[PDB]
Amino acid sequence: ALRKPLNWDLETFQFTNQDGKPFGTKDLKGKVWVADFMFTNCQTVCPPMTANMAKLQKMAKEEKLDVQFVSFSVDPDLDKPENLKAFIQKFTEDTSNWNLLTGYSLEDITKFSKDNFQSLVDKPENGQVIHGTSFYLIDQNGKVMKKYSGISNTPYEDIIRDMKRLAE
């Protein structure tokens, strides 16, 4: 069984993916998914985070786990769909189950990150947006259940275990 779940409520949302198509709760409700926050002009942790998410994607597929991946841009003023599409192509050849989202205001995503993921977003003068570095596991009921590091010793086996529990 899933131990010590977070049980965080998530608001209903509809954003735009890297193909310029609507995507959000409508698509995700009923699926197990993993979320992170990132931006394409990040000079530090976002590329390794994304590589880590790609490793998780590959491992989940190998285990025959049917899950979705979602990356929210925290720099929507710069990250349009074409930016996200070009960004993700470096890290994976599979986006059938990975949507990178944008299309909203910076204020919007700041509130969304605060209210749903208890994570501060703020864009300083140098443009290097402050945001959380966690991966979040969300269940079929649309609640956040687990948080893991996306950048430091990502616990791939723990995440896989938890996905297996949600699939049972």
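Residue numbers run from 1 along the displayed sequence.
> Higher mean Cα B-factor in the deposited model: 98-106 or 38-46?
Replying inline: According to the PDB entry, the answer is 38-46.
>> I need to verify one thing: averaged over C-alpha atoms only, is the B-factor higher for 1-9 or for 159-167?
In response: Stretch with the higher mean C-alpha B-factor: 1-9.
> Which is it among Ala54, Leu120, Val70, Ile138: the one with the largest CA B-factor in the entry?
Replying inline: Most elevated C-alpha B-factor of the set, per the entry: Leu120.
> Taking the C-alpha B-factors as the PDB entry records them, is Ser152 in the lowest, middle or highest third of its chain?
Replying inline: Its C-alpha B-factor, which the entry lists for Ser152, ranks in the highest third among residues of this chain.
>> Among the modelled residues of this chain, does the Cα B factor of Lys114 put it in the lowest, middle or highest third?
In response: Highest third of the chain for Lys114's C-alpha B-factor.
> Lowest, middle or highest third: where is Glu82 by Cα B-factor in its chain?
Replying inline: For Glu82, the deposited C-alpha B-factor lands in the middle third.
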